[PDB]
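Q: Just dropping this structure here.
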Amino acid sequence: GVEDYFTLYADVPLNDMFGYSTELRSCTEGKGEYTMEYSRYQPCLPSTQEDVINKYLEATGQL
Amino acid sequence: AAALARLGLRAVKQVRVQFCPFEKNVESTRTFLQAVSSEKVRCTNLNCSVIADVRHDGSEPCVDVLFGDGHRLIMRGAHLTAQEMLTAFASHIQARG
Amino acid sequence: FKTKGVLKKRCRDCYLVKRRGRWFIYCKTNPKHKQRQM
Amino acid sequence: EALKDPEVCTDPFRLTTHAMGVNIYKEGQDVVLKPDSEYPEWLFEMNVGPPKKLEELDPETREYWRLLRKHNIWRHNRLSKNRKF
Amino acid sequence: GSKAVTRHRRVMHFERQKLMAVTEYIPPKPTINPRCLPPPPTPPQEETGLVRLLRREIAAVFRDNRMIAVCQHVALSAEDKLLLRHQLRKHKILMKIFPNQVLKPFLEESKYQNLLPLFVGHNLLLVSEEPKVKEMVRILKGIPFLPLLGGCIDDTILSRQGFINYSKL
Amino acid sequence: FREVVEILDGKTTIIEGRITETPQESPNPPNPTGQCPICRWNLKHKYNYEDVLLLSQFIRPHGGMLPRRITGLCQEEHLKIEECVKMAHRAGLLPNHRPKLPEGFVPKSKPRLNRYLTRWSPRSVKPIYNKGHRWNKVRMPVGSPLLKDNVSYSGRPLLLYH
Amino acid sequence: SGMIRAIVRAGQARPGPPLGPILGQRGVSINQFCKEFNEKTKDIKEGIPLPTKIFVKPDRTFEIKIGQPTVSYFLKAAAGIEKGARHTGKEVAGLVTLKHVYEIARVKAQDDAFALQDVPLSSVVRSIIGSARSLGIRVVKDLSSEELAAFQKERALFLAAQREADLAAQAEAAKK
Amino acid sequence: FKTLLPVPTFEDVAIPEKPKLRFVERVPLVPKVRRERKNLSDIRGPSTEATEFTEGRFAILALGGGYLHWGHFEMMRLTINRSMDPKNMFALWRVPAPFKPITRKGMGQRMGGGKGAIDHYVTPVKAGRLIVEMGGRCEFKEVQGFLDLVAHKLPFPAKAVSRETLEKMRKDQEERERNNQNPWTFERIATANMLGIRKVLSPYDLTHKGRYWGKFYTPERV
Amino acid sequence: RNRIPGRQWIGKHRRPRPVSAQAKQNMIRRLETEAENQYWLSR
RNA sequence: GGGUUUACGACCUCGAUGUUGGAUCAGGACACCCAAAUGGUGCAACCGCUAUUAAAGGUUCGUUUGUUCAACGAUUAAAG
Ligand SMILES: [Mg+2]
Ligand SMILES: [Mg+2]
Ligand SMILES: [Mg+2]
Ligand SMILES: [Mg+2]
Ligand SMILES: [Mg+2]
Ligand SMILES: [Mg+2]
Ligand SMILES: [Mg+2]
Ligand SMILES: [Mg+2]
Ligand SMILES: [Mg+2]
Ligand SMILES: [Mg+2]
Ligand SMILES: [Mg+2]
Ligand SMILES: [Mg+2]
Ligand SMILES: [Mg+2]
Ligand SMILES: [Mg+2]
Ligand SMILES: [Mg+2]
Ligand SMILES: [Zn+2]
Ligand SMILES: [Zn+2]
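Residue numbers (the authors' numbering), protein chains in the order written: chain BC, 680 to 742; chain Bp, 2 to 98; chain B9, 63 to 100; chain Bq, 54 to 138; chain BJ, 29 to 197; chain Bx, 35 to 196; chain BK, 17 to 192; chain BQ, 30 to 251; chain Bt, 9 to 51.
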């Protein structure tokens, strides 16, 4: 932050950053803006891992 | 004290409690003074002047509130309860001011 | 209001009052603590 | 935004020689250790170990009742751990 | 036909119901209710170490020092209380607070029975050696709503006017 | 008795307290060693909702009850007397123990239905539409169960649910 | 508006949280406060932390009251350690002598607390001893010639083993 | 002003190793292959075993009869382990693992054909038996507060009692049964066969004294 | 509306008919008579 | 606690109690789909999700299928 304007850094997965400009502006009354860039990889959480595995299975048809 | 602090006493100029501590009917007035001179009542408005007149032969404890509406509430408390005096003072302050 | 069999105060500002023959846990700060004894 | 970098320049010696953290201002002037002929006796006449006990204090002084009030607060806190409000 | 052990309470025969109703418990009821009957004699409460310490301290205070001023304990901020404590210890005068439950009986048993109308509400005992009321009233004048109730100057009970006169003397 | 009076004379409010003479207890009680008022005047298990001469001794002029710490009754007698005063107020006794509303006394409403021994409040009880059969019958409560210890000269118990 | 307590570094008064948003919501600017704090503590060694009380008035004005530094900092300096001990009571962080404790008490007596309280140095020394007990620093009667270094070597070895064990536990939690 | 009372200090109590409740198996290590009859006498009547305290100071008392299975065991174990303090409190079982086999038949089966198949195991519990016993350097208020939940979730009615409360309730029952006013008692009438009441009574009523009816227990019935 | 399932005084669910003070008094009288009988059958 | 599904029992009928779906007419319960009055929401608004009270009145037309159901098309304040 500098003055009446805080700058918060975070490490958020790309799968959870979809549609964030419509939520940040909604909670900041259109005054909050964000920038993001790819940083690194890490083991995905079991919930989203199961989700993408089930998506792959439904894509290849057989369970 | 809390009922007065939640009332916004900013509209009061002077409160003077004149009593004689060597009597038998000054308990209610002493507790009224301690309630109207609490820390919260002090900090909710600093322009107010709270005076505690102590006499020995007055024998009639009383309170006088002059507030900036040009209003003067005078209560000669010899038998009234502290709770009744507190409620009367609070209702009058919230009615005028 | 939530109709329950057992009422309990969920905070220190809930008050229990008997009205219309029933018991009511009313809350002014957290209105979601409104409980009605069936 | 951290602590002072100066911390035990010569730890085997300087710390025994005197205390360096007492000097706060930027002008470095460390105070002498003031050998044992300077400080009064009350400095050494105090407990520098574990505290006393309620079964060791006598029930005619004030520190006994102070520790008893502390224990009463502790017991009340232990009992009021099931606050459902 | 149900088993001997069920879950529906197994409603009994009418003869067994009558037997239960007849063999129901009856509590003993005295002739006169003992609640507001003439109560039993007084179970004399025994004194404890805390009240013994308080009595001894109050006795030592009333015996040792000379100026014993009684003031109304006003509810102020603790920072201002510490400031007044500093200003008091500057002139080497201390303030004490004792429970009424242990101060009133001691006062009415001692020779200070004339201070009873002073010790009902909140209390502050201004205790000092070498009574010097000039600086005391000087530092109490700065706070307007802290009223001097009264006290004693060398076994002489005085009011606020008496204290002011002794200071001007 | 103490009364609070207010005087308004040119934006100056004077609140005063005036003490007037109050009647005292009768000099000769039948049981002086009793700690309780009722239980020492021998009125225990004797009064009812009809005994207004006893129920009106300790109530406020607006029909409210008086605190037990001020009156002195034992807890059970205090609860009994509270319920009896409620039942009398609902039955219509003590008609002068109500607040005077000159603006509300003019708009008359439906005539008051006569009742007595009313346990609940008339604005809180719902009508029993099912009424039950003989084995499971929805009985209507009459009177209070706190008055079940009163003296029964006939010997029959009081039907509290009918 | 009210009083705000803050433990701020001597010359490192940044205009960001955890002090920016508070003063901004109160109404007072942040750059003015940082400037005033830096000019008031420029004579202090930059880096050491000290508590201060900011009284914000309803007219968006502020006054600053700076006191003596932190007792934890005083003890860490007098002991020669950078960070305190994790498991207080089971492990020893440093070694401070009653002489150093008395010096810390003498330097700290001139603060708001022990100024409002007319109290001799004995109670301040007791408070310093309690704070050292909480930090995990032992207070020996008279022991500092070389055994301070003899214990410092063991403490450094213990800290190295502790760092290696912490890295091993982190790696285990990562591969699990 | 209020007097300063001393606090209870526990130093003689020793917290043993593994203070938490041990895991109970759903099926015993050796399963009972032979199917047994459902004797309801292990629920009927008062409890003769596990009626007194062994080493703890608080316990869960069962005011009725019933069956405890693996679901109840897991509920009790999880709740007590997550709500207890392992540094100052310890808990132990007083009922064995589920050992009595319970047979079940599939849906749509007519009556007859033989015995069913063993579905699960249970633990019979009589009225007045302790289920979980706890001790340590803790008071009773917190233990009772966190044990009332388990006592309620148990099938049979249950209470969170201690040594003092148990002795108090037993002495109160004795006082009631000794100062009872009416001369006619269930025990007297059943033992003397007055009015020929044995025709409607049961041979176990001579010992139950009208306080036990099937699996239920009325503690206010003298 | 309030039906009794099955027969009135046979099944698992019967009629909840209560015991009256008359029946209580009758049983107490019979018990007194039997107590006098077992007294006269004592010696 | 209810007695809507399947089962269990075999108590009334085998000198007959005619058995699914539809057409016509519907009676009733409320555990309310709509319409009405409200409480709570992680209720900003439009839409929502729950809970309380209320049963005087409504609760569509078609393709396939004998179908009750089910899928689909177009609507409705709703298609209980
Ligand atoms: Mg102390
Ligand atoms: Mg049978
Ligand atoms: Mg249960
Ligand atoms: Mg039938
Ligand atoms: Mg039946
Ligand atoms: Mg049917
Ligand atoms: Mg069946
Ligand atoms: Mg048949
Ligand atoms: Mg058959
Ligand atoms: Mg047929
Ligand atoms: Mg025929
Ligand atoms: Mg119809
Ligand atoms: Mg409904
Ligand atoms: Mg609607
Ligand atoms: Mg309809
Ligand atoms: Zn609430
Ligand atoms: Zn009484």
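Every residue, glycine too, gets a C-beta built ideally from N, C-alpha and C.
#1: For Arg103 (chain Bx), count the other beta carbons within 10 Å of its own beta carbon; 16 or more makes it buried, fewer makes it exposed. Which is it?
#2: Can you tell me which of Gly96 (chain BK), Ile64 (chain BK), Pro136 (chain BK) puts its alpha carbon nearest to the alpha carbon of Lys169 (chain BK)?
#3: What are the uninterrupted segments assigned as alpha helix (DSSP H) that are 4 or more residues long and contained completely in the stretch 207-250 of chain BQ, given in chain order?
#4: Counting only Cβ pairs nearer than 8 Å, list the residues of chain BC close to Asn47 (chain BK).
#5: Taking 8 Å as the CB-CB cut-off, is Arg80 (chain BJ) touching chain BQ?
#6: Per DSSP, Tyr195 (chain Bx) forms a beta bridge with which residues?
#7: Whose CA, out of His112 (chain Bx), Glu40 (chain Bx), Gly51 (chain Bx), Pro156 (chain Bx), lies closest to the CA of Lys78 (chain Bx)?
#8: Less than 8 Å between the C-beta atoms of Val172 (chain Bx) and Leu194 (chain Bx), yes or no?
#9: Is there a Cβ of chain BJ sitting closer than 8 Å to that of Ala43 (chain Bt), yes or no?
#10: Do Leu50 (chain BQ) and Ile109 (chain BQ) come within 8 Å of each other at the CB atom, strictly closer than that value?
#11: Please report the straight-line C-alpha distance between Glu43 (chain BJ) and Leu39 (chain Bt), rounded to a whole angstrom.
#12: Strictly closer than 6 Å from CB to any heavy atom of ligand 5: give me those residues in the order they appear in the chain.
#13: My guess is that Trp17 (chain Bt) and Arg23 (chain Bt) are in contact by the Cβ rule of under 8 Å, so how many angstroms apart are they, rounded?
#14: Which residues in the same chain as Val130 (chain BJ) place their Cβ atom closer than 8 Å to its Cβ, once the five residues preceding and following it in sequence are excluded?
#15: With a cut-off of 8 Å, does the C-beta of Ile12 (chain Bt) fall near any C-beta of chain BJ?
#16: Please work out which residues of its chain come closer than 6 Å, Cβ to Cβ, to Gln84 (chain BK), disregarding the five sequence neighbours upstream and downstream, and give them in chain order.
#17: Step through the CB atoms of chain BJ and report whether any lies within less than 8 Å of the CB of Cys118 (chain Bx).
#18: Can you find a CB in chain BJ that lies within less than 8 Å of the CB of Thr105 (chain Bx)?
#19: Taking three-plus beta-carbon pairs below 8 Å as touching, is the stretch 51-67 of chain BK in contact with the stretch 21-31 of chain BK?
#20: Since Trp118 (chain Bq) contacts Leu33 (chain BQ) with CB under 8 Å, what's their CB separation in whole angstroms?
#21: Check each residue of the stretch 65-94 of chain Bx: if its Cβ is closer than 8 Å to any Cβ of chain BJ, include it; give the result in chain order.
#22: Given a cut-off of 8 Å, decide if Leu153 (chain BJ) and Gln100 (chain BJ) are closer than it, judged by their beta-carbon atoms.
#23: With which residues is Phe119 (chain BQ) paired in a DSSP beta bridge?
#24: If the cut is a Cβ gap below 9 Å, which residues of chain Bp does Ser187 (chain BJ) touch?
#25: Pair every Cβ in the stretch 73-86 of chain Bp with every Cβ in the stretch 73-80 of chain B9, then say whether three or more of these pairs are closer than 8 Å.
#26: Less than 8 Å between the C-beta atoms of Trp99 (chain BQ) and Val161 (chain BQ), yes or no?
#27: Excluding sequence positions up to five away, which residues of its chain have a Cβ less than 8 Å from the Cβ of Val84 (chain Bq)?
#28: Can a CB atom of chain Bx be found closer than 8 Å to the CB of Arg82 (chain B9)?
#29: Judging by CA-CA distance, which residue of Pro74 (chain BK), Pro65 (chain BK), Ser45 (chain BK) is the nearest neighbour of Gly18 (chain BK)?
#30: Enumerated in chain order, which unbroken segments of the beta strand (DSSP E) with a length of 3 residues or greater are wholly contained in the stretch 62-150 of chain Bx?
#31: Would a C-beta distance cut-off of 8 Å place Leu35 (chain BK) and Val101 (chain Bq) closer than the cut-off?
#32: Please report how far the alpha carbon of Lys170 (chain BQ) lies from the alpha carbon of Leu183 (chain BQ), in whole angstroms.
#33: Tell me which residues share the same chain as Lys41 (chain Bp) and place their Cβ nearer than 8 Å to its Cβ, disregarding the 5 neighbours each side in the sequence.
#34: Anything in the stretch 63-76 of chain BJ with a Cβ closer than 8 Å to a Cβ of chain Bx? List those residues in chain order, please.
#35: Looking at the secondary structure, which residues open and close the beta strand (DSSP E) in which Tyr150 (chain BQ) lies?
#36: Leaving out five residues on either side along the sequence, give the residues of the same chain with a beta carbon under 8 Å from the beta carbon of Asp111 (chain Bq).
A: So, from the data block:
#1: Numbered from 1 along the sixth sequence, position 69 holds the residue referred to as residue 103 (chain Bx). That one is exposed.
#2: For the purposes of this step, residue 169 (chain BK) is taken as the residue at position 153 of the seventh sequence. A check of alpha carbon separations from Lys169 (chain BK) across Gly96 (chain BK), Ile64 (chain BK), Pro136 (chain BK) identifies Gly96 (chain BK) as the nearest.
#3: 215-221, 234-237
#4: Within the seventh sequence, numbered from 1, the residue matching residue 47 (chain BK) stands at position 31. Among the residues of chain BC, those whose CB is under 8 Å from the CB of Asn47 (chain BK) are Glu682, following chain order.
#5: As a position in the fifth sequence, residue 80 (chain BJ) is number 52, starting the count at 1. False, the Cβ-Cβ gap to chain BQ never drops below 8 Å.
#6: Sequence index remark: in the sixth sequence, residue 195 (chain Bx) carries index 161 (1-based). Its beta-bridge partners are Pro175 (chain Bx).
#7: Residue numbering aside, residue 78 (chain Bx) sits at position 44 when the sixth sequence is read from its first letter. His112 (chain Bx) is the residue among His112 (chain Bx), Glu40 (chain Bx), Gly51 (chain Bx), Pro156 (chain Bx) whose C-alpha sits nearest the C-alpha of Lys78 (chain Bx).
#8: Counted from its first residue, the sixth sequence places residue 172 (chain Bx) at position 138. Counted from its first residue, the sixth sequence places residue 194 (chain Bx) at position 160. In this structure, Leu194 (chain Bx) does not lie closer than 8 Å to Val172 (chain Bx) by Cβ.
#9: Looking up residue 43 (chain Bt) in the ninth sequence gives position 35. Not one chain BJ Cβ lies under 8 Å of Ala43 (chain Bt).
#10: Start at 1 with the first residue of the eighth sequence, and residue 109 (chain BQ) comes out as number 80. Start at 1 with the first residue of the eighth sequence, and residue 50 (chain BQ) comes out as number 21. Yes, the Cβ-Cβ distance between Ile109 (chain BQ) and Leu50 (chain BQ) is below 8 Å.
#11: The residue you call residue 43 (chain BJ) lines up with position 15 of the fifth sequence. The residue you call residue 39 (chain Bt) lines up with position 31 of the ninth sequence. Rounded to whole angstroms, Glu43 (chain BJ) to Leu39 (chain Bt) spans 13 Å at the Cα level.
#12: Here the list is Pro13 (chain Bt), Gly14 (chain Bt), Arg15 (chain Bt), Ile18 (chain Bt), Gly19 (chain Bt), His21 (chain Bt), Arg22 (chain Bt).
#13: Taking the first residue of the ninth sequence as position 1, residue 17 (chain Bt) is located at position 9. Taking the first residue of the ninth sequence as position 1, residue 23 (chain Bt) is located at position 15. The pair is a contact, with the Cβ atoms about 6 Å apart (cut-off 8 Å).
#14: Taking the fifth sequence and counting its residues from 1, the one referred to as residue 130 (chain BJ) is at position 102. The residues are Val79, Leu82, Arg83, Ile86.
#15: Taking the first residue of the ninth sequence as 1, we reach residue 12 (chain Bt) at position 4. No, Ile12 (chain Bt) lies away from the interface with chain BJ (no Cβ there is under 8 Å from its Cβ).
#16: Stepping through the seventh sequence from its first residue, residue 84 (chain BK) is reached at position 68. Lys124, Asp127.
#17: Here residue 118 (chain Bx) refers to the residue found at position 84 when the sixth sequence is read from its first residue. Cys118 (chain Bx) has a beta carbon lying at 8 Å or more from every beta carbon in chain BJ.
#18: Position 71 of the sixth sequence, counted from the start, is the residue given in the question as residue 105 (chain Bx). It does not; no Cβ of chain BJ falls within 8 Å.
#19: yes
#20: For the purposes of this step, residue 118 (chain Bq) is taken as residue 65 along the fourth sequence, with counting starting at 1. For the purposes of this step, residue 33 (chain BQ) is taken as residue 4 along the eighth sequence, with counting starting at 1. Indeed, because the Cβ distance is near 6 Å, the residues count as touching under 8 Å.
#21: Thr67, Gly68, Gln69, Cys70, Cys73, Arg74, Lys78
#22: On the fifth sequence, position 72 is the one that residue 100 (chain BJ) refers to. On the fifth sequence, position 125 is the one that residue 153 (chain BJ) refers to. No; because the gap between Cβ atoms is not below 8 Å, this pair is not in contact.
#23: What you label residue 119 (chain BQ) is simply residue 90 of the eighth sequence in a count that begins at 1. Paired residues: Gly164 (chain BQ).
#24: Counted from its first residue, the fifth sequence places residue 187 (chain BJ) at position 159. Those within 9 Å of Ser187 (chain BJ) in chain Bp are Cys21, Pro22, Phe23, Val55, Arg56, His57.
#25: no
#26: Position 70 of the eighth sequence, counted from the first residue, corresponds to residue 99 (chain BQ). Position 132 of the eighth sequence, counted from the first residue, corresponds to residue 161 (chain BQ). It is not a contact, given that the beta carbons lie outside the stated cut-off.
#27: Counted from its first residue, the fourth sequence places residue 84 (chain Bq) at position 31. Contacts found: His71, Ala72, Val75, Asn76.
#28: Here the question's residue 82 (chain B9) lines up with position 20 in the third sequence. So yes, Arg82 (chain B9) belongs to the interface.
#29: Counted from its first residue, the seventh sequence places residue 18 (chain BK) at position 2. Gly18 (chain BK) has its Cα closest to that of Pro74 (chain BK), out of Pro74 (chain BK), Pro65 (chain BK), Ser45 (chain BK).
#30: none
#31: In the seventh sequence, residue 35 (chain BK) corresponds to position 19, counting from 1. In the fourth sequence, residue 101 (chain Bq) corresponds to position 48, counting from 1. No, these two residues do not count as a Cβ contact at 8 Å.
#32: Here residue 170 (chain BQ) is taken as the residue at index 141 of the eighth sequence, counted from 1. Here residue 183 (chain BQ) is taken as the residue at index 154 of the eighth sequence, counted from 1. So the alpha carbons of these two residues sit roughly 20 Å apart.
#33: Residue 41 (chain Bp) sits at position 40 when you count from the first residue of the second sequence. Same-chain partners within the cutoff: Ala2, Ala3, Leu5, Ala6.
#34: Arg63, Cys64, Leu65, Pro66, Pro67
#35: In the eighth sequence, residue 150 (chain BQ) corresponds to position 121, counting from 1. 146-154 is the extent of the beta strand (DSSP E) around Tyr150 (chain BQ).
#36: Working through the fourth sequence from its first residue, we reach residue 111 (chain Bq) at position 58. Within the same chain, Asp111 (chain Bq) has close Cβ partners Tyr117.
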